[PDB]
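Taking it in order: structure first as C-alpha coordinates, then the write-up.
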Amino acid sequence: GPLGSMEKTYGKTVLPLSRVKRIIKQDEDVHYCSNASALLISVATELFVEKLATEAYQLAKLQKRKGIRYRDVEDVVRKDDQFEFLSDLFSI
Amino acid sequence: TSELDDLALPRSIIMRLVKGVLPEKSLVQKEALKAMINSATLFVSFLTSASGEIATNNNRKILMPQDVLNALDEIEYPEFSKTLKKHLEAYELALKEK
(Lines give C-alpha, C1' and ligand atoms only; values in the text may rest on other atoms or scores of the structure.)
Protein backbone atom coordinates (compact mmCIF):
# COMPACT_ATOMS: atom_id res chain seq x y z
CA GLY A 1 0.00 0.00 0.00
CA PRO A 2 1.27 3.45 -1.03
CA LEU A 3 -0.26 5.66 1.64
CA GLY A 4 -0.32 2.79 4.08
CA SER A 5 2.33 0.65 5.76
CA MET A 6 4.64 -1.62 3.75
CA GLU A 7 3.02 -4.93 2.83
CA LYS A 8 5.26 -7.82 1.78
CA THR A 9 4.05 -10.46 -0.66
CA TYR A 10 5.30 -13.78 0.72
CA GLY A 11 5.95 -16.84 -1.44
CA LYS A 12 8.17 -14.91 -3.87
CA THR A 13 11.87 -14.24 -4.19
CA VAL A 14 13.57 -11.12 -5.60
CA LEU A 15 16.23 -13.44 -7.02
CA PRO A 16 16.08 -14.85 -10.57
CA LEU A 17 15.04 -18.45 -9.92
CA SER A 18 16.81 -19.79 -13.05
CA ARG A 19 20.13 -18.52 -11.71
CA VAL A 20 19.55 -19.96 -8.23
CA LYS A 21 18.62 -23.32 -9.81
CA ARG A 22 21.80 -23.19 -11.90
CA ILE A 23 23.83 -23.07 -8.68
CA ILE A 24 21.64 -25.77 -7.09
CA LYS A 25 22.22 -28.00 -10.14
CA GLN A 26 25.98 -28.03 -9.51
CA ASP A 27 25.44 -30.28 -6.46
CA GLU A 28 26.62 -33.77 -7.48
CA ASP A 29 24.53 -35.54 -4.81
CA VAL A 30 21.14 -33.99 -5.47
CA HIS A 31 18.86 -35.95 -7.81
CA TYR A 32 16.18 -33.27 -8.21
CA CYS A 33 15.38 -30.09 -6.28
CA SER A 34 11.66 -29.25 -6.39
CA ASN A 35 10.49 -25.78 -7.39
CA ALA A 36 9.12 -25.16 -3.88
CA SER A 37 12.50 -26.09 -2.43
CA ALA A 38 14.31 -23.78 -4.88
CA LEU A 39 12.04 -20.93 -3.78
CA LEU A 40 12.79 -21.52 -0.09
CA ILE A 41 16.52 -21.78 -0.82
CA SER A 42 16.25 -18.46 -2.73
CA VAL A 43 14.51 -16.63 0.12
CA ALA A 44 17.03 -18.07 2.60
CA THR A 45 19.77 -16.65 0.42
CA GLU A 46 18.11 -13.19 0.62
CA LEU A 47 18.08 -13.51 4.39
CA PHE A 48 21.71 -14.62 4.34
CA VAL A 49 22.81 -11.55 2.36
CA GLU A 50 20.95 -9.29 4.79
CA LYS A 51 22.56 -11.04 7.74
CA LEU A 52 26.06 -10.73 6.33
CA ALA A 53 25.58 -7.06 5.36
CA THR A 54 24.25 -6.24 8.83
CA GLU A 55 27.17 -7.89 10.62
CA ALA A 56 29.68 -6.22 8.30
CA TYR A 57 28.03 -2.82 8.81
CA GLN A 58 28.12 -3.24 12.59
CA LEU A 59 31.92 -3.56 12.39
CA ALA A 60 32.10 -0.50 10.14
CA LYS A 61 30.05 1.40 12.71
CA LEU A 62 32.42 0.54 15.57
CA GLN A 63 35.16 2.23 13.55
CA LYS A 64 32.90 5.29 13.14
CA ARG A 65 32.44 4.59 9.43
CA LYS A 66 29.22 4.86 7.42
CA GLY A 67 30.10 2.28 4.76
CA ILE A 68 30.98 -1.40 4.44
CA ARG A 69 34.56 -2.15 3.45
CA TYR A 70 36.01 -5.51 2.28
CA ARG A 71 37.90 -5.98 5.55
CA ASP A 72 34.56 -5.60 7.37
CA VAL A 73 33.09 -8.56 5.46
CA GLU A 74 36.33 -10.48 6.01
CA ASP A 75 36.39 -9.76 9.77
CA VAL A 76 32.82 -11.05 10.00
CA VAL A 77 33.84 -14.35 8.42
CA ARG A 78 37.01 -14.43 10.53
CA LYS A 79 35.16 -14.07 13.85
CA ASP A 80 31.64 -15.49 13.45
CA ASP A 81 30.91 -19.26 13.65
CA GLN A 82 27.84 -19.01 11.44
CA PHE A 83 30.12 -17.90 8.61
CA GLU A 84 32.63 -20.74 8.99
CA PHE A 85 31.51 -22.19 5.64
CA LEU A 86 32.99 -19.10 3.94
CA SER A 87 36.47 -19.53 5.50
CA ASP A 88 38.00 -20.90 2.28
CA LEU A 89 36.52 -18.17 0.02
CA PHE A 90 38.19 -15.50 2.19
CA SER A 91 41.40 -17.51 2.58
CA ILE A 92 41.44 -17.08 6.35
CA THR B 1 37.31 -18.68 -9.96
CA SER B 2 35.67 -18.14 -13.34
CA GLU B 3 33.09 -20.56 -11.95
CA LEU B 4 32.08 -18.19 -9.14
CA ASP B 5 31.81 -15.32 -11.59
CA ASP B 6 29.71 -17.41 -13.99
CA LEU B 7 27.32 -18.45 -11.22
CA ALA B 8 27.09 -15.05 -9.54
CA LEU B 9 23.64 -13.58 -8.95
CA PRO B 10 22.96 -10.13 -10.47
CA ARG B 11 25.08 -7.45 -8.83
CA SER B 12 22.19 -4.95 -8.67
CA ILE B 13 19.69 -7.27 -6.96
CA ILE B 14 22.29 -8.23 -4.37
CA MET B 15 23.17 -4.55 -3.91
CA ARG B 16 19.54 -3.71 -3.18
CA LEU B 17 19.38 -6.48 -0.56
CA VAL B 18 22.53 -5.14 1.07
CA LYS B 19 21.41 -1.53 1.10
CA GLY B 20 17.97 -2.62 2.29
CA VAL B 21 19.29 -3.26 5.79
CA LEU B 22 21.62 -0.25 6.01
CA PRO B 23 20.89 3.41 6.87
CA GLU B 24 20.07 5.73 3.92
CA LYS B 25 23.16 6.81 1.94
CA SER B 26 25.45 4.11 3.36
CA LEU B 27 28.00 3.07 0.82
CA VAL B 28 29.26 -0.34 -0.15
CA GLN B 29 32.50 -0.71 -2.01
CA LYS B 30 33.32 -2.95 -4.88
CA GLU B 31 35.55 -5.50 -3.14
CA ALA B 32 32.89 -5.83 -0.42
CA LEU B 33 29.85 -6.19 -2.68
CA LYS B 34 31.81 -8.78 -4.69
CA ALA B 35 32.63 -10.72 -1.55
CA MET B 36 28.97 -10.83 -0.59
CA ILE B 37 27.77 -11.79 -4.06
CA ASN B 38 30.22 -14.68 -3.94
CA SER B 39 29.24 -15.51 -0.37
CA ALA B 40 25.62 -15.74 -1.51
CA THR B 41 26.59 -18.33 -4.13
CA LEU B 42 28.36 -20.43 -1.47
CA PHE B 43 25.34 -20.12 0.78
CA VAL B 44 23.04 -21.51 -1.93
CA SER B 45 25.39 -24.50 -2.26
CA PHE B 46 25.78 -24.88 1.52
CA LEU B 47 22.03 -24.99 2.25
CA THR B 48 21.40 -27.13 -0.84
CA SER B 49 23.93 -29.77 0.18
CA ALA B 50 22.57 -30.00 3.74
CA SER B 51 19.01 -30.27 2.37
CA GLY B 52 19.98 -32.98 -0.12
CA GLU B 53 21.51 -35.00 2.75
CA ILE B 54 18.24 -34.96 4.63
CA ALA B 55 16.42 -36.04 1.46
CA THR B 56 18.94 -38.87 1.12
CA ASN B 57 18.73 -39.86 4.80
CA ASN B 58 14.97 -40.10 4.27
CA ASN B 59 15.57 -42.34 1.23
CA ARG B 60 14.02 -39.73 -1.07
CA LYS B 61 15.37 -38.56 -4.44
CA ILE B 62 13.39 -35.31 -4.39
CA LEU B 63 14.78 -32.50 -2.27
CA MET B 64 11.58 -31.21 -0.61
CA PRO B 65 10.66 -27.97 1.20
CA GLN B 66 10.70 -29.72 4.59
CA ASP B 67 14.30 -30.79 3.86
CA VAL B 68 15.29 -27.14 3.45
CA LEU B 69 13.51 -26.18 6.69
CA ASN B 70 15.20 -29.03 8.57
CA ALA B 71 18.54 -28.13 6.95
CA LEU B 72 18.38 -24.73 8.66
CA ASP B 73 18.91 -26.51 11.95
CA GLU B 74 21.82 -28.52 10.57
CA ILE B 75 23.63 -25.45 9.15
CA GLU B 76 22.75 -23.47 12.31
CA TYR B 77 20.57 -20.80 10.74
CA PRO B 78 17.38 -21.65 12.65
CA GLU B 79 16.55 -17.94 12.84
CA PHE B 80 15.45 -18.16 9.15
CA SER B 81 12.86 -20.85 9.85
CA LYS B 82 9.80 -18.78 10.80
CA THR B 83 10.26 -16.58 7.71
CA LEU B 84 10.71 -19.57 5.34
CA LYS B 85 7.59 -21.28 6.73
CA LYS B 86 5.59 -18.16 5.99
CA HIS B 87 6.89 -18.15 2.41
CA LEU B 88 6.09 -21.83 1.96
CA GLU B 89 2.50 -21.34 3.16
CA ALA B 90 2.03 -18.36 0.82
CA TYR B 91 3.72 -20.18 -2.07
CA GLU B 92 1.39 -23.15 -1.82
CA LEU B 93 -1.58 -20.82 -1.41
CA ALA B 94 -0.70 -18.86 -4.57
CA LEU B 95 -0.08 -22.11 -6.45
CA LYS B 96 -3.63 -23.40 -5.97
CA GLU B 97 -4.95 -20.00 -7.05
CA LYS B 98 -2.67 -19.69 -10.07
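The chains in the C-alpha coordinates are called A, B, ... from first to last as shown; in each chain the residues are counted from 1, and the ligands are counted from 1 in the order shown.
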
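For residue 43 of chain A, the list of residues within 9 Å, based on only C-alpha atoms and with local chain neighbours fewer than 6 positions off taken out, reads residues 11, 12, 13, 14 and 15 of chain A; 83, 84 and 87 of chain B.
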
Quick one: which residues from chain A are at most 8 Å off chain B, using only C-alpha atoms, as number ranges by chain? A: 10-12, 14-16, 19-20, 22-24, 27, 29-34, 36-37, 40-50, 52-54, 57, 66-73, 82, 85-86, 89

Can you pull out the residues contacting residue 74 of chain B? Cut-off 9 Å, using only C-alpha atoms, and skip same-chain residues under 4 positions away; I want them as JSON, numbers by chain. {"B": [50, 51, 70, 78]}

Sel. of alpha helix (DSSP H) residues, chain B, as a ChimeraX atom specification: /B:2-7,11-20,30-57,65-74,81-97

Just to confirm, what's the straight-line distance from atom CA of residue 62 of chain A to atom CA of residue 80 of chain A in Å (one decimal)? 16.2 Å
